[PDB]
Each structure stands twice: as C-alpha cells, then as structure tokens.
C-alpha cells in the first residue's frame, strides 16, 4: 500500500531533518549566554535560539517535496505563519517528561517553564505549551511520522496570505496521504489507534499556541527595549 513514491517522500524528509537538526547542540555556544537572574534575563539567549531554529526550519522546508514549486510569496507566507509551530514541534525531540524540560545537552542549555517566563511569556502560553509537549511525546511517533507532521504543518493551505491555496492543498494532500498510509502499514497497534487523527489534533493545538504566542510576542516586541534584544531574522519572520 505504501507506494514507492511515498517511501521516497519519507526518505527525503528523513534526510532533510538529519541535515537540519543537530542533536549535539554544538552551535548553542554561539548564542548570547543564558542568564537566570522583573528583567527578561533569558530573552537574549532564547531569541538567538529561536532565530537559529528559524534558519533550520527554512532549510527543512526547502526540501519538502513540492515546496519549491510554490511562488516565493507563498513560500514566505507559509514559513512566516508556520515557523513558531515547527519550532514547537521540533523542540519535542529535546523535551523530556522526566522533569518537563527541553534538555539540549547540558545544564546551561536545559530549559524549563521558568526560562520561558524569563523571556517574557506567561502561563497563558506556557501551560498549554507544556501540555502540548507532553501529549506529543506520549504519541511516541516514529521519526517518519515526526518529519511528516512537520512538513504537513508547513504546507497548510488555510494560512493567512496564501495565494495559490489549491497548489498548497495538493502538496499537503500528498504528504497527508503518505502519513495516513505509513501509519496503516508501518505503525503496529495499539500505538496506531486513531494516530492520524491524534496527529491532526496536535496541528490544531499548534494553531492555538501560535495565536497565543503571537499575542504575547506582539506585546513583548511592542516595547523597543525588548525588540532591541531580538534578532533581525526574528523581527522579519515573527513581526515588526
């Protein structure tokens, strides 16, 4: 049932993820240092982390089958709308339920809810974000399902500003059908039970997390003292 082209799609996405996700986290040494001390002491470090991840998300998106068939405008709007969501998805690889933290190789680069608070965010975002990470971790996705979900997240036709919604739909449908068939043929029960529906539910969760993050980002970025600590890429992609 899993066609040769569907296996090809999965192979491309696995390779794309391997070329854009560094599990050694070596580049974190280039970021402005984390500081745990009212002041948004983790904002510089986490802004560099997010900016770095945006670059990785773009590199992954460019390798999604069909993505470069879109216009420059549509590629841009899809990445602007999806970047925060793909960051939340891909960060799940470092997330551990042992202590509900994003463990990136060392104590300095191990992040918890208090670190996100020290970048300016509130429980309105942080609690649903932790529950998302826990719920996504509990799915115990195969790597194949993880990279397919990230690709589907990016190529969604209902994003604000999409021009050629039908072409975006055709690209996503190819990935969605690849994912649905992968689960049917490669994911053994009981883990496969309603797995596609649960994964699409996580995409809905991400839209809500996206909305709340943008709300808080807009309020944080509205203060020039905070925007001064962001990066040029973050300002371009996230806003202002």
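Think of the rigid core as the biggest set of C-alphas that the two forms share within 1.5 Å after superposition. Residue numbers count along the first chain shown, from 1.
Fitting each structure in 9 other deposited structures of this protein onto the rigid core and averaging C-alpha distances over structures and residues, 190-198 emerges as the more displaced of 177-185 and 190-198.
Annotation: of the segments 207-215 and 54-62, 207-215 departs further from this form in 9 other deposited structures of this protein (C-alpha atoms, root mean square over structures and residues, core superposition).
In this entry, 178-186 shows the higher mean Cα temperature factor of the pair 46-54 and 178-186. The stretch 105-113 shows the higher mean C-alpha B-factor when 87-95 is compared against 105-113 in the entry. Per the deposited coordinates, the residue with the largest Cα temperature factor out of 153, 125, 141, 100 is 100. Between the residues 136, 130, 79, 165, the entry's highest C-alpha temperature factor is the one at 165. In the deposited entry, the Cα temperature factor of residue 197 sits in the middle third of values across the chain's modelled residues. When the modelled residues of the chain are ordered by C-alpha B-factor, residue 212 sits in the middle third. Looking at the C-alpha B-factors along this chain, the one for residue 32 belongs to the middle third. Sorting the modelled residues of the chain by their CA temperature factor places residue 226 in the middle third. When the CA B factors of the chain's modelled residues are split into thirds, the value for residue 219 lands in the highest one.
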